[PDB]
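Please read the structure below before turning to the comments.
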Amino acid sequence: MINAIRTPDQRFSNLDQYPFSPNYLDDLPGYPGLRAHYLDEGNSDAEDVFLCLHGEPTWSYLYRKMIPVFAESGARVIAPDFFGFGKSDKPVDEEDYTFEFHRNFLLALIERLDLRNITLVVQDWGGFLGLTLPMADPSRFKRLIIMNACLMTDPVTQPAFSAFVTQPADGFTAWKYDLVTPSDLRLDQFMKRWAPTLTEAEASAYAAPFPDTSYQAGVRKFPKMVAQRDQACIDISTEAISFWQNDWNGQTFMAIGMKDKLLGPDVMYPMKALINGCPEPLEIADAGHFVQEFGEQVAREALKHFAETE
Numbered sequence: 001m002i003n004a005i006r007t008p009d010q011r012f013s014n015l016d017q018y019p020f021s022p023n024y025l026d027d028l029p030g031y032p033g034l035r036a037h038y039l040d041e042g043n044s045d046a047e048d049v050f051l052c053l054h055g056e057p058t059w060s061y062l063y064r065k066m067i068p069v070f071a072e073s074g075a076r077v078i079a080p081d082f083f084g085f086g087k088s089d090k091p092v093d094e095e096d097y098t099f100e101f102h103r104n105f106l107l108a109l110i111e112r113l114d115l116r117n118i119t120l121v122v123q124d125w126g127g128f129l130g131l132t133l134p135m136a137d138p139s140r141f142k143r144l145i146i147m148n149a150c151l152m153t154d155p156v157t158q159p160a161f162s163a164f165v166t167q168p169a170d171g172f173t174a175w176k177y178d179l180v181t182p183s184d185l186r187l188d189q190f191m192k193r194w195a196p197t198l199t200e201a202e203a204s205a206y207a208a209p210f211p212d213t214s215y216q217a218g219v220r221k222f223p224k225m226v227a228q229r230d231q232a233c234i235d236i237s238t239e240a241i242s243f244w245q246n247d248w249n250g251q252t253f254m255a256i257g258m259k260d261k262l263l264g265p266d267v268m269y270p271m272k273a274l275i276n277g278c279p280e281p282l283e284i285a286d287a288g289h290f291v292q293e294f295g296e297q298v299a300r301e302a303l304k305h306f307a308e309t310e
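Numbering-wise (the UniProt record's numbering), the sequence shown opens with residue 1 and increments by one.
Here's what the structure looks like:
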């Protein structure tokens, strides 16, 4: 229905620090003909599941230093690549990627594998979609590890989650420029600029899925979805506040990447207040937007808090 393409498998031969075996589902409901990739790691029978959600413009490769810490703890880690990202398939047209289209895919993935005992792990778009999951089926979520993210709300009801779109000009205005404007978007240069600590090898891992620009339509639509929020996304995200503030009784863990210009403190302190029971965040001073690149430290501490309150 949705014309889509798939990335040559050879694009991933040389990945650094990605020894994970691939799994695929290609029959989600609503998602015909489309194949999705996801990591399934650790004891595939563990009580606890860490569902790890990626954001713009990355993939599961992102969680790569986190995954094993979670597996070695005795958890099963799921870690899906969205349609248009990593190893999943990619619709060719930006008109096909919407907020529901990626959200429904999430709910579909969750039903299908039947996950329970979830410790939701979000950042970026992964949190924007991922934080609307719980109210869908509350009985299946038990914890949350939230890194630099928030809810796509409409200006009035939460100004902090709209404000960063316009100011600073070297924050979200700059991120969106680097993404939707180049005719020749090199995600290795982009990442090396938004994450100065990456090595040339890592950076190249984030361009692997995209050989040419026709593979990038979903890379392209995401910043624009931050900018232009449709009604469903507003209603849904508005409905999520209420759930995190009044319904949620789960355990949480927050880590802030203080060097972030898009979603640092301005956005994280206000989120910390709407999550019923969210404790004193963990401020990572040398980290940017991609907190997961100071990942092990997060994964470790997140599990250390997790047990000290069980």
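Virtual Cβ for every residue (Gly too), placed ideally from N, Cα, C.
Requested in this report: Would you decide whether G74 is buried or exposed? Buried here means 16 or more other CB atoms lie within 10 Å of its CB.
Outcome: exposed
Report task. Starting from the C-beta of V49, find all residues in its chain whose C-beta is less than 8 Å away, skip the five residues before and the five after it, and write them out in chain order. Result -> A75, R76, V77, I78, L115, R116, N117, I118 and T119
Report task. Check the DSSP bridge columns for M147 and list the partner residues they point to. Result -> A255
Query raised in the report: Between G42, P211 and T173, which lies nearest to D188 when the distance is taken from Cα to Cα?
Result: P211
Query raised in the report: Is it a yes or a no for the stretch 133-151 touching the stretch 265-277, going by three-plus beta-carbon pairs under 8 Å?
Result: yes
Query raised in the report: What residue does the alpha helix (DSSP H) around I2 start on, and which one ends it?
Result: Looking at the DSSP string, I2 is not in any alpha helix (DSSP H), and its letter there is neither H nor E.
Query raised in the report: In chain order, which continuous runs of the beta strand (DSSP E) of length 3 or greater are located wholly inside the stretch 108-141?
Result: 118-122
**Report entry** Euclidean distance between Cα positions of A163 and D154
**Finding:** 10 Å
Query raised in the report: Considering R220, what are the terminal residues of the alpha helix (DSSP H) in which it resides?
Result: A217 to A227
Query - For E41, the nearest candidate out of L62, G55, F70 and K142 (CA to CA) - result: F70
Query raised in the report: Would a check of beta-carbon distances place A203 closer than 8 Å to chain C?
Result: Here chain C cannot be found, since the structure has a single protein chain.
Query raised in the report: Taking just the CA atoms, how far does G126 sit from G86?
Result: 14 Å
Query raised in the report: How many Å lie between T7 and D89 at the Cα?
Result: 7 Å
Query - Proximity below 8 Å, CB of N3 to CB of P134 - result: no
**Report entry** Where the alpha helix (DSSP H) through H305 begins and ends
**Finding:** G295 to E308
**Report entry** Residue(s) in a DSSP beta bridge with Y31
**Finding:** In DSSP, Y31 forms no bridge with anything.
Report task. For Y24, count neighbouring Cβ atoms within 10 angstroms of its own Cβ and tell me buried if that reaches 16, exposed if not. Result -> exposed
Requested in this report: Would you mind working out which of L39, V165, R35 and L28 sits nearest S21, comparing C-alpha positions?
Outcome: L39
Query raised in the report: Roughly how many angstroms lie between the CA atoms of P265 and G257, to the nearest whole one?
Result: 8 Å
Query raised in the report: With a Cβ-Cβ cutoff of 8 Å, do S214 and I5 count as a contact?
Result: yes
Query raised in the report: Grouping DSSP H, G and I as helix and E and B as strand, with all else coil, what is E202?
Result: helix
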